[PDB]
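Trainee: Dumping the structure here so I can ask a few things about it.
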Ligand SMILES: *[C@@H]1O[C@H](CO)[C@@H](O)[C@H](O)[C@H]1NC(C)=O
Ligand SMILES: *[C@@H]1O[C@H](CO)[C@@H](O)[C@H](O)[C@H]1NC(C)=O
Ligand SMILES: *[C@@H]1O[C@H](CO)[C@@H](O)[C@H](O)[C@H]1NC(C)=O
Ligand SMILES: [Ca+2]
């Protein structure tokens, strides 16, 4: 059953985005996030207008001229040289992937194959200008003795480092894509130099021994860039590091060929050592976490992005093995969606390793559920994450099998039927509950940038943004689903 764009399906996703935007624009804008039930807002993203920037490119790919214009008019107004709140900490990582990524992807799209969605060239130019302004403040993060970025900085009263003594590999290794992109766009090499230097310490790990070739530790010293542990996983604190390794290779196969080699070691090592099968459902394959040569039968929604990453690597390297493994991953993680009462996957889940017998024991209430489902829930909530829709999307782009679109559709449908709340959509309390267990009154910006973006693209018409299975990709998605043009 060969696939093809599904207008009806794509329209539904576009409609969910429209609703979410209207509500956000009316009750929260220009604040960072909307609380759909109370109709209030928050500024978790330092009050720069997180949801507006994060959703900008999604609005461009959907052909939402009006929404695009609204945001473009706002960009020049943002003040990326300070924070409304004095002495307020700023996450180098979160700020980078959302703001810098969002501004750069919008810039690349509005100057590339989507330039029609914008007429005012001065507004388009603001995106890049504002990105450089932001980066000029964020760069203080690299003023550590080793060059390894400090995870937190401050802009108000002045630009300063938090002074942390260590950081995690995910936050250190998820800056290279957008900072290198910025240098290429501005002509100022400093940005790339800074990010790449901090990254260098992660490519030739010194200190704690690698659990396995390519599988590095989680925390790195800011004073000397050495590792102090041998633990890690494909989820929180490490996930996006492995992701950007292969993505940099897409951005420029020559300059970052070494990044590609570090990915292959990681990939091969997680396949031979992290792949785990639930004792009650051997046909399923999940990724365990690790510490030394020991692995733990636990995972969650964050690690579900893995499927798409292995697939991406298989495309860029013409290696079926990575594609097959990625397909299995996408499928297995979707099983945590399709088997709950709401049809939505849990935040955290666990199982019993079928080989080492490791892992706990299903809590009494989930005893029967584990027997047939192959996992039990440890963290029931869902906050509109996109990792699974992301992996399903890659699975479809590489196979062309409409079956994947059906799974994604089942995923989007389950999500809106339970997350539909107040003026738009919201995080839910209990996924193992048919109705979702009640909304927690929150609509994260990545709902706009990622979940709705991947859901739409899997049903949408062809374009340069779509990932090409037979190579020739001209774009690369950053960790927050913001596509950048490759070096060229
Ligand atoms: C941005 O904020 C800083 C500090 O409050 C201020 O000095 C500057 O004038 C502001 N810039 C704009 C464009 O208002
Ligand atoms: C947008 O383009 C118009 C041209 O019609 C220009 O007058 C305006 O200044 C631009 N936006 C801003 C305020 O930078
Ligand atoms: C590196 O710095 C850390 C502090 O973060 C310290 O514990 C460690 O001993 C240093 N390593 C060496 C040998 O320089
Ligand atoms: Ca991500």
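Residue numbers (UniProt numbering): 27 to 514. For each residue, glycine too, the CB sits at the ideal point set by N, CA and C.
So the beta strand (DSSP E) residue 403 belongs to, where does it begin and stop?
Mentor: One-based indexing of the chain shown puts residue 403 at position 377. It spans 402 to 405 - the beta strand (DSSP E) in which residue 403 sits, taken as one unbroken run.
Trainee: Are the CB atoms of residue 272 and residue 339 nearer to each other than 9 Å?
Mentor: Locating residue 272 in the chain shown gives position 246, counting from the first residue. Locating residue 339 in the chain shown gives position 313, counting from the first residue. Taking 9 Å as the Cβ cut-off, residue 272 and residue 339 qualify as a contacting pair.
Trainee: For residue 462 and residue 234, what's the separation of their Cα atoms in angstroms?
Mentor: The residue labelled residue 462 in the question sits at position 436 within the chain shown. The residue labelled residue 234 in the question sits at position 208 within the chain shown. The straight-line gap from Cα to Cα measures roughly 43 Å.
Trainee: Going along the chain, which residues put their C-beta within less than 6 Å of some heavy atom in ligand 3?
Mentor: Working through the chain, the matches are 191, 192, 247, 249, 250, 252.
Trainee: Return yes when the Cβ of residue 116 is within less than 9 Å of the Cβ of residue 178, no when it is not.
Mentor: By one-based count along the chain shown, residue 178 stands at place 152. By one-based count along the chain shown, residue 116 stands at place 90. Against a cut-off of 9 Å, the Cβ pair of residue 116 and residue 178 comes out as a contact.
Trainee: Which same chain residues, not among the five before or five after residue 87, have their C-beta less than 8 Å away from its C-beta?
Mentor: Within the chain shown, the letter at position 61 stands for residue 87. Answer for residue 87: 135, 140, 479, 482, 483, 486, 489, 491, listed in chain order.
Trainee: Looking only at its own chain, which residues have a Cβ that is under 7 Å from the Cβ of residue 215, when we skip the five neighbours before and after it?
Mentor: If you number the chain shown from 1, residue 215 lands on position 189. Hits under 7 Å: 209.
Trainee: Quick check on the DSSP output: what are the complete alpha helix (DSSP H) runs of length 4 or more inside the segment 429 to 503, in order along the chain?
Mentor: Complete alpha helix (DSSP H) runs here, min 4: 478 to 483.
Trainee: Relative to ligand 4, is the shortest distance from any of its heavy atoms to the C-beta of residue 59 smaller than 8 Å?
Mentor: As a working mapping, residue 59 is identified with position 33 in the chain shown. Flag unset: Cβ of residue 59 not near ligand 4.
Trainee: Which same chain residues end up closer than 6 Å to residue 438 when comparing Cβ atoms and leaving out the 5 residues on each side of it in sequence?
Mentor: Here residue 438 is taken as the residue at index 412 of the chain shown, counted from 1. 481.
Trainee: Judging by CA-CA distance, which residue of 72, 52, 123, 430 is the nearest neighbour of residue 93?
Mentor: Sequence index remark: in the chain shown, residue 93 carries index 67 (1-based). If we check each option's Cα against that of residue 93, 52 comes out closest.
Trainee: Cβ of residue 156 versus every heavy atom of ligand 2: is any distance shorter than 8 Å?
Mentor: Counting from 1 along the chain shown, the entry for residue 156 is found at position 130. Result no, Cβ not under 8 Å from ligand 2.
Trainee: Following a CB-centred definition, is residue 105 positioned closer than 8 Å to any heavy atom of ligand 2?
Mentor: Here residue 105 refers to the residue found at position 79 when the chain shown is read from its first residue. Flag unset: Cβ of residue 105 not near ligand 2.
Trainee: In whole angstroms, what is the alpha-carbon distance linking residue 319 and residue 415?
Mentor: In the chain shown, the residue the question calls residue 319 occupies position 293. In the chain shown, the residue the question calls residue 415 occupies position 389. The straight-line gap from Cα to Cα measures roughly 31 Å.
Trainee: For the structure I just gave you, are there three or more beta carbon pairs, one from the segment 401 to 421 and one from the segment 372 to 390, closer than 8 Å?
Mentor: A contact exists between the segment 401 to 421 and the segment 372 to 390.
Trainee: How about residue 141: is its Cβ closer than 8 Å to a heavy atom in ligand 2?
Mentor: Locating residue 141 in the chain shown gives position 115, counting from the first residue. Checking every heavy atom of ligand 2 against the Cβ of residue 141, none is found closer than 8 Å.
Trainee: Mind checking whether the beta-carbon of residue 182 lies closer than 8 Å to any heavy atom of ligand 1?
Mentor: As a working mapping, residue 182 is identified with position 156 in the chain shown. The answer is yes for residue 182.
Trainee: Can you tell which of 276, 43, 96, 58 has its C-alpha closest to the C-alpha of residue 498?
Mentor: Counted from its first residue, the chain shown places residue 498 at position 472. Of the candidates 276, 43, 96, 58, the one whose C-alpha sits nearest the C-alpha of residue 498 is 276.
Trainee: I want to check one thing, is the minimum distance from the CB of residue 265 to the heavy atoms of ligand 4 below 8 Å?
Mentor: As a first step, residue 265 must be located in the chain shown, where it is residue number 239. Yes; taking the cut-off as 8 Å, the Cβ of residue 265 has a heavy atom of ligand 4 nearer than that.
Trainee: Would you check if the distance between the CB atom of residue 242 and the CB atom of residue 263 is smaller than 9 Å?
Mentor: Taking the chain shown and counting its residues from 1, one reaches residue 242 at position 216. Taking the chain shown and counting its residues from 1, one reaches residue 263 at position 237. Against a cut-off of 9 Å, the Cβ pair of residue 263 and residue 242 comes out as no contact.
Trainee: Looking at the secondary structure, which residues open and close the alpha helix (DSSP H) in which residue 220 lies?
Mentor: Position 194 of the chain shown holds residue 220. Here the alpha helix (DSSP H) through residue 220 covers 216 to 229.
Trainee: So which of 444, 124, 147 has the shortest CA-CA distance to residue 72?
Mentor: One-based indexing of the chain shown puts residue 72 at position 46. Residue 124 is the option with its Cα nearest to residue 72.
Trainee: Indicate the three-state DSSP secondary structure (helix, strand or coil) for residue 115 in the structure shown.
Mentor: Position 89 of the chain shown, counting from 1, holds the residue named residue 115. Note: residue 115 maps to coil in three-state DSSP.
Trainee: The alpha helix (DSSP H) with residue 60 in it runs from where to where?
Mentor: Within the chain shown, the letter at position 34 stands for residue 60. Run containing residue 60: none in the alpha helix (DSSP H); it sits in the beta strand (DSSP E), 59 to 61.
Trainee: Quick one: residues with CB closer than 5 Å to any heavy atom of ligand 2, in chain order, please.
Mentor: After applying the 5 Å Cβ criterion, the set is 146, 148.
Trainee: On the DSSP letters alone, give me the boundaries of the beta strand (DSSP E) that residue 184 sits inside.
Mentor: Walking along the chain shown from the start, residue 184 turns up at place 158. Taken as a continuous stretch (DSSP letters only), residue 184 belongs to no beta strand (DSSP E), as it is neither H nor E.
Trainee: Suppose the cutoff is 8 Å on Cβ atoms and the five residues either side in sequence are ignored; what does the same chain contact list for residue 133 look like?
Mentor: The count along the chain shown starts at 1 and reaches residue 133 at position 107. Only 150, 153, 154, 157, 211 meet the Cβ criterion.
Trainee: Check whether the segment 317 to 335 and the segment 289 to 303 are in contact - that is, three or more C-beta pairs closer than 8 Å.
Mentor: Output reads yes: the segment 289 to 303 touches the segment 317 to 335.
Trainee: Whole angstroms are fine: how far does the CA of residue 342 sit from the CA of residue 495?
Mentor: On the chain shown, position 469 is the one that residue 495 refers to. On the chain shown, position 316 is the one that residue 342 refers to. If you take the alpha carbons of residue 495 and residue 342, they lie about 9 Å apart.
Trainee: According to the Cβ coordinates, are residue 248 and residue 200 closer than 9 Å?
Mentor: Counting from 1 along the chain shown, the entry for residue 248 is found at position 222. Counting from 1 along the chain shown, the entry for residue 200 is found at position 174. No, Cβ-Cβ distance for residue 248 and residue 200 is not below 9 Å.
Trainee: In the DSSP assignment, what are the bridge partners of residue 379?
Mentor: Residue 379 sits at position 353 when you count from the first residue of the chain shown. Answer by DSSP bridge pairing, in chain order: 304.
Trainee: Would you mind giving the Cβ-Cβ distance between residue 29 and residue 352, rounded to the nearest angstrom? I have them listed as a contact below 8 Å.
Mentor: On the chain shown, position 3 is the one that residue 29 refers to. On the chain shown, position 326 is the one that residue 352 refers to. No, residue 29 and residue 352 are not in contact; Cβ-Cβ is about 17 Å, not under 8 Å.
Trainee: Let me make sure I understand the geometry here. Which of 399, 121, 96 has the alpha-carbon closest to that of residue 106?
Mentor: Walking along the chain shown from the start, residue 106 turns up at place 80. Nearest C-alpha to residue 106: 121.
Trainee: I'd like the list of long-range same chain contacts for residue 196, defined as Cβ closer than 6 Å, with 5 residues on each side in sequence excluded.
Mentor: As a working note, residue 196 is residue 170 in the chain shown. If we look at residue 196 and ignore the five residues flanking it on each side, its Cβ neighbours are 263, 264, 265, 266, 267.
Trainee: DSSP state of residue 509, grouped into three classes?
Mentor: Position 483 of the chain shown, counted from the first residue, corresponds to residue 509. Strand at residue 509.
Trainee: For a minimum of 4 consecutive residues, which ranges assigned as the alpha helix (DSSP H) are wholly contained in the segment 41 to 120?
Mentor: List check, alpha helix (DSSP H) in window: 76 to 87, 91 to 100.
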